[PDB]
Amino acid sequence: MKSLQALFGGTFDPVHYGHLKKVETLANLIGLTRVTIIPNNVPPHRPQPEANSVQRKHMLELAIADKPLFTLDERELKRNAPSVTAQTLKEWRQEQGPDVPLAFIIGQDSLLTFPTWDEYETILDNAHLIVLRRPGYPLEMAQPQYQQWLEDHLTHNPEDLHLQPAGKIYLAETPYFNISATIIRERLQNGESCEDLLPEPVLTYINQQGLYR
Amino acid sequence: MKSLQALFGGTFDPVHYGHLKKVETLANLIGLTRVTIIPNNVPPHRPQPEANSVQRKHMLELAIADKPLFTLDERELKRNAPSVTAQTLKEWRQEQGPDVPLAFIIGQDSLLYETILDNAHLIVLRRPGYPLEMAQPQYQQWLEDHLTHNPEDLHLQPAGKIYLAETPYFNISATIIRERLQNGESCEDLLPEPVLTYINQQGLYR
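Residues numbered from 1 in each chain as written, not as in the entry; some residues may be left out. Chains lettered and ligands numbered in written order. Heavy atoms only, no water.

**Things to note about the overall build of chain A**
The secondary structure content of chain A amounts to 9 helices and 6 strands. The C-alpha radius of gyration of chain A comes to 17 Å, within 12% of the 17 Å expected for a compact globule of 213 residues. Projected onto its principal axes, the C-alpha coordinates of chain A cover approximately 50 × 35 × 35 Å. In chain A, which comprises 213 residues, the proportion classed as buried is 47%. Taking all contacts inside chain A whose residues are at least 6 apart in sequence as the whole, residues at least 24 apart take part in 75%. For chain A, the accessible area works out to roughly 10600 Å², and carbon and sulfur atoms hold 46% of it. The positive charge centre, built from 19 side chains, and the negative charge centre, built from 27, are 3 Å apart in chain A. (Helix = DSSP H or I, 4+ residues; strand = E, 2+ residues; numbered from the N terminus. Rg over C-alpha atoms; globule rule 2.2 N^0.38 Å. Buried < 20%, exposed > 50% of the residue type's maximum accessible area, 1.4 Å probe, protein only. Contact = heavy atoms within 4.5 Å. Areas by Shrake-Rupley, 256 points an atom, 1.4 Å probe, with all protein chains shown as cover. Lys, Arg positive; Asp, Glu negative; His and termini not counted. Charge placed at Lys NZ, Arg CZ, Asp CG, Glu CD.)

**Notes on unusual backbone geometry**
Going from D13(A) to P14(A), the amide bond is cis rather than trans, its omega being 0°. Mapped onto the secondary structure, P14(A) falls in the loop between β1 (5–10) and α1 (17–30). The residue after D13(B), namely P14(B), is reached through a cis peptide bond having omega 0°. Here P14(B) shows up in the loop between β1 (5–10) and α1 (17–30). Although it is not a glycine, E119(A) adopts a positive phi angle of roughly 60°. Inspection of the secondary structure puts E119(A) in the loop between α4 (108–111) and α5 (120–123). Looking at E119(A), the relative accessible area reads 46%, which means it is partly exposed. With phi around 60°, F12(B) is a residue other than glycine that occupies positive phi space. With respect to the helices and strands, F12(B) occurs in the loop between β1 and α1. Classification of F12(B) by relative accessible area gives buried; the value is 4%.

**Describing the pairing of strand β5 (residues 128–133) of chain A**
Residues and elements named next belong to chain A. By the criterion of burial, β5 is predominantly enclosed, with 5 of the 6 residues buried. Summarising the sheet, strand β4 (residues 102–107) and β5 pair through 5 bridges and their orientation is parallel. Looking across to β5, one finds that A103 is bridged to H128. Two elements, β5 and strand β6 (residues 169–173), share 5 bridges in a ladder whose sense is parallel. Bridge assignment links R133 to a residue of β6, and that residue is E173. (Pairing = 2+ DSSP bridges.)

**Looking at the sheet that holds β5(A)**
All names here are of chain A. Taken in spatial order, the 6 strands line up as β3-β2-β1-β4-β5-β6 in an open sheet, and their pairing is parallel. Strands with a single pairing partner mark the edges of an open sheet, and in this sheet they are β3 (70–72) and β6. For this sheet, the mean inter-axis angle between neighbouring strands, taken without regard to orientation, is 30°. In terms of strand pairing, β1 meets β4 through 4 bridges, oriented parallel. By the bridge assignment, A6 is partnered in β4 with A103. Running at roughly 160° to β4, helix α3 (residues 85–96) makes contact with β1, β2 (35–39) and β4 of the sheet. (Axes fitted to C-alpha atoms, helices over the stretch in contact; angles between N-to-C directions.)

Here it is as structure tokens:
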């Protein structure tokens with residue numbers, strides 16, 4: 001077949017070394033060669049992002065330009081409706097075909113919440129999901145009847161991600177980074193440095209556009 | 001439709017008249033007829049309570065026994081995982097339905113997540129004397145976008161709107177209570193009488 005393709009979403013307000021370094025360390029132990037970044041739009045019942053739809057795309061494009069691994073998909077940005085995770089994966093399965101391996105990247109704090117998701121079941125119908133292990137936390141699912149759901153689809157051999165179209169779940173050892181989007185936004189208002197939490201081009205764009213200040 | 005159902009969580013180590021008399025006052029200004037107290041369990045990355053999961057249920061049961069407005073729900077005490085509010089709420093939205101109104105009670109100091117408005121309203125116990133200051137002024141707009149001053153909107157919509165309710169002041173917290181108990185100064189004004197008897201029977205907070 002062709003190579004496995006991984007998808008990796010978020011708001012990215014702003015994009016930071018956490019998103020990038022975490023995924024490219026994953027790809028060095030799993031053999032991933034191509035990752036597509038799908039930025040979201042926040043549904044109106046939540047706080048809306050500080051950086052607008054355009055700036056977040058610009059900030060992404062800058063961090064990603066020197067990195068062949070990543071590529072950018074602006075579906076949800078050009079989309080009328082709010083971003084629903086199972087809808088984007090149902091589209092990629094349609095366009096890409098049924099025989100190509102697809103995987104969806106999530107953190108551990110979001111897998112312990114996975115059944116809280118709209119069409120949480122229909123996700124594993126289209127792609128794998130690679131869970132970024134948060135070191136120091138257990139795998140405790142809220143209702144221990146989809147603690148079985150985690151056990152029915154868990155695999156420890158990454159070959160399954162590369163040799164099957166969908167359906168498996170992988171937990172991956174990631175490093176720790178003490179950076180988030182709220183940290184950086186706060187470190188900016190407080191006036192403390194950030195040349196190690198943020199790509200240097202992205203931070204220059206932030207200073208030039210006056211965001212988070 | 002059905003009645004509005006309000007949920008009110010917390011550690012309750014112990015429960016006291018500040019919790020009770022603040023919400024039944026709310027109940028009189030909002031017109032809600034049912035409140036479900038949902039005691040929580042603290043994840044180990046915080047100092048753990050002094051009274052254990054059984055004793056805190058008991059002190060709760062004694063306090064709620066004679067109040068029809070309140071009913072208890074020990075989802076989180078019998079659950080393996082740490083209690084996460086957006087997890088319990090969507091469970092309530094799951095078990096109750098999409099057309100009944102739901103609301104969640106929180107103090108003002110604790111709200112200062114996004115996911116709440118998916119399934120329920122959020123009624124903020126206003127800290128009297130303090131302003132509406134949100135830290136990062138991008139969900140200060142979110143606070144302003146979904147605020148409402150007509151309690152009807154809470155009774156006619158399943159979720160989405162935010163109400164800030166005037167509550168009275170009491171000089172009573174579990175930290176106040178434990179210290180007045182560990183040194184030995186009285187507390188018959190801060191707790192219902194059956195709860196103080198359970199505390200004095202169980203050797204709690206000394």
